[PDB]
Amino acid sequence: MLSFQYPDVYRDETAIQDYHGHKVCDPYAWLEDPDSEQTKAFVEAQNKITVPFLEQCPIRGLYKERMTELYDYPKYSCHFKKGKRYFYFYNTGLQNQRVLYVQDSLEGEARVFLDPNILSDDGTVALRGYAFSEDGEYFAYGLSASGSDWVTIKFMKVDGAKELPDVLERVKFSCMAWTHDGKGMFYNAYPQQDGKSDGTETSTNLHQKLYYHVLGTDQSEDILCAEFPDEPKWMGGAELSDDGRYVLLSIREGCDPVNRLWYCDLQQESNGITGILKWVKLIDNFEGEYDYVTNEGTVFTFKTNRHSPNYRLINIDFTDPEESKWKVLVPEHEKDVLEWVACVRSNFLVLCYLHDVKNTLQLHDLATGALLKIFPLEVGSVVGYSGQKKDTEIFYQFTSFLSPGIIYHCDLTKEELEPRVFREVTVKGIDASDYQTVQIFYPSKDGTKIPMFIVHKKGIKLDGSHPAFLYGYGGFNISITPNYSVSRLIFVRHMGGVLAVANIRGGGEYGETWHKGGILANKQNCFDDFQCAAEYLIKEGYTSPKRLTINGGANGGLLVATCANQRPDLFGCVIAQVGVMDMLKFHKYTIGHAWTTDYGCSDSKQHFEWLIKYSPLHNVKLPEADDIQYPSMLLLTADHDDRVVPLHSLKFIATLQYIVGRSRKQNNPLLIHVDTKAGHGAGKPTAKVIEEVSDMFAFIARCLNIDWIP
């Protein structure tokens, strides 16, 4: 029979709530309290059955060993210049956290500048955001403990890497920007709250404020520069214009790519920064995004999606601000998304486009917007870039499914520009030439063509005999572009698998129209798109239902969990990482209120009607057909995940085990693993990353009985 027994989990049958006339029972609502002895006992009981299941078969050890070996390669970030020095991140291979290095010259010897590894035994203290003073002589950096979004900002004098006394607490979702006079720095902080603020609490985050910290003073002396007491969800991030004249405030409410844009000419302040600034409300609504690129006097260049879903560049003159007067510097492309733009060497613009989910990099003239040079790239993604207005060179990093990456360098003072390979590392053991990456477009239920990348060993027969790993996200205007993953390549090489990534709606692959096609009333399009990706892989012979594994994280966790409820017959295995499972209550915790722009909010009758149909927690149901059971499922979360509070996964697994786990026909396991000293994922130490992928693939291996291929 089964190899283990599911834990006893109390059902509060009195937990009933009325949603617009619809009665909803939430028997596991008590799991919403992370501090109770009841919840702690539940987590321990679940981990007690999951760990032995994952470690029983020797395949986990074989995988972990191969991952440790293959992932052990030098990892560099591209160089960036600040003041008179160069900086770059580098991990010898298996250090828990990458280290920040500094060199006084491009050819000079480098030395350790900031090593987060020495801040904890297990590498659970990580760098989260940083900002150098304009002259590059001072450095502010954020540290997060145990994977929490909470940040503590510390300071250092660059020359001699001297630690300073300045410490800023209660920082979260904060920008960091120094005024060019070198006096201090703008940052965001939240008011004091009852209970903990370490990542284990579920408390909603409201009333974020903008402060200014004068270097050499106590945080209690900080100046409040902006606040929105009547709009608790507004978040204002500050940045200084390239010439240091203006503070630009980008105010956001929710997750859509839109923002208010206010500015303050610092020279117009009566006596420096002493209180709420004299904000000029240039764009005082949430109808479009205005991303600062650079300015020349009062003429500001912004990347925008205002009446341009694929994005474009516009110049707004603060002295003649009306929309009818704006100049369109670089018009919107009919299909290619303008992902980001930077200004370098005074009058050059670096534009990065996404063409059929692949990146292109171009250099344009700032005055006219004319194309000047195309920087050639293979099929993949640009994941790093450096080069600000005063710089005379650029560095950019390229990655793809089969290559770790290449860091390029280009001296922009040269007449005939030509980038050169600055750094390149290959992984011995993974001969990229034994594999191939293809891109196909499959029709979804409504006929819309969806892109999908498929990576596999060359020459395989499309006889449906291969295990497959299909990944998706689908939301928040996030484009899922090619990236290097040793863990996935081990699945291909050592488990004979096929990798697939479906660029479903909700994402940003085809601009804001793509995004809107997967949100609110149309969120079901994401699930349909993904299910259709699975059907394609099956019909085309890459895999079969019992050999197919789907995976996603956060909004992607919601994706795969919903797909399991809707089409349990289509998948053999489902791994949902830190997923949003309770779609009726997500807005109640931490930063969840910001996601209503993609999902809607249950308080609304209309939204509730969309949400109730797909919410994973509210759609667990035994398959009607006797020959159909739920696929094997593994939920992965961590106790400091304050982005997507773990109660989502706790309640979902309790429900899966009770409604489906108790059925005689259910033989596939439904498990959860809650990690400690970890959170949503950012900053997770290498050691934990390796344990995680080892758990994932051991689960797939055991559930589908896959033999290891040495």
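Numbers for residues come from their place in the sequence shown, where the first is 1.
Asks: Which is higher in the entry, the mean Cα B factor of 98 to 106 or that of 212 to 220?
Replies: In the deposited entry, the stretch with the higher C-alpha B-factor mean is 98 to 106.
Asks: Mean C-alpha B-factor higher for 78 to 86, or for 585 to 593?
Replies: Comparing 78 to 86 with 585 to 593, the higher mean C-alpha B-factor belongs to 78 to 86.
Asks: Have a look at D256, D639, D149, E163 and flag the one whose Cα has the highest B-factor in the entry.
Replies: Spelled out: the listed residue with the top C-alpha B-factor is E163.
Asks: Out of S386, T562, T413, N310, which one has a C-alpha B factor higher than all the others in the entry?
Replies: Answer, based on the entry's C-alpha B-factors: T413.
Asks: Could you tell me which third, lowest, middle or highest, the C-alpha B-factor of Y510 occupies within its chain?
Replies: Lowest third of the chain for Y510's C-alpha B-factor.
Asks: State the tercile, meaning the lowest, middle or highest third, of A45 with respect to the CA B-factors recorded for its chain.
Replies: As the PDB entry reports it, the C-alpha B-factor of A45 lands in the middle third of its chain.
Asks: Within this chain, which third does the Cα B-factor at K458 fall in: lowest, middle or highest?
Replies: Highest third of the chain for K458's C-alpha B-factor.
Asks: By its CA B factor, does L54 count among the lowest, middle or highest third of the modelled residues in the chain?
Replies: According to the entry, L54 has a C-alpha B-factor in the chain's middle third.
Asks: Ranking the modelled residues of this chain by C-alpha B-factor as given in the entry, is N668 in the lowest, middle or highest third?
Replies: For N668, the deposited C-alpha B-factor lands in the middle third.
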